[PDB]
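Next up is one chain by itself, shown in structure tokens, the form deposited in one PDB entry.
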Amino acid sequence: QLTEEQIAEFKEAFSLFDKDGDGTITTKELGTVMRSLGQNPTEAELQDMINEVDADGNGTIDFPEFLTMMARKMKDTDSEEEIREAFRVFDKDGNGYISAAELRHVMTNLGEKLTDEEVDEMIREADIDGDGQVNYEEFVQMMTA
């Protein structure tokens, strides 16, 4: 079941998207996050993304809506191409391994300000074989329902 700490984790994630902290994610903020990950969505695609999860139809995503759709999405596994694309966002040098520094780099680009300890903690949890890095196979497991 959903725990308190998991809720706080999702709340942290919501704050990543909610740049101005006004309690809602707009198409503008979603576009901002996507571009910082190197993706180039259109205005129409951003509207459609939000429409899919905007339960009250008001044009923006609040925390309950964010929590609802994210918890649902975690119960699904995305296609290999979708996962492989996400992996390349992190594996910048393309060597097949996500290092702490590469994770630091993405999180920084997202505007988040993590400590070296916090990043290592993330790597450690995703790491399976214990080499201190995340390969594609481990990345796939992490994203697997």
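Residues that one form lacks are left out of the comparison. Quick note: we count residues from 1 along the sequence shown, nothing fancier. Between two forms, the rigid core is defined as the largest C-alpha subset superposing within 1.5 Å.
The form deposited in another entry is left out here; the points below concern that form.
Core-based superposition between this form and the one not shown shows that, of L37, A101, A55, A44, only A101 has its Cα displaced by 2 Å or more. Relative to what is shown, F139 and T42 are farther apart in that other deposited form; their C-alpha atoms differ in spacing by at least 3 Å. Legend note: Cα of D78 to Cα of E9 is at least 3 Å closer in that other deposited form than in the depicted form.
Identified as moving between this form and the one not shown on the superposed core is the stretch 77 to 145 alone, made of at least three consecutive residues whose Cα atoms shift by 2 Å or more.
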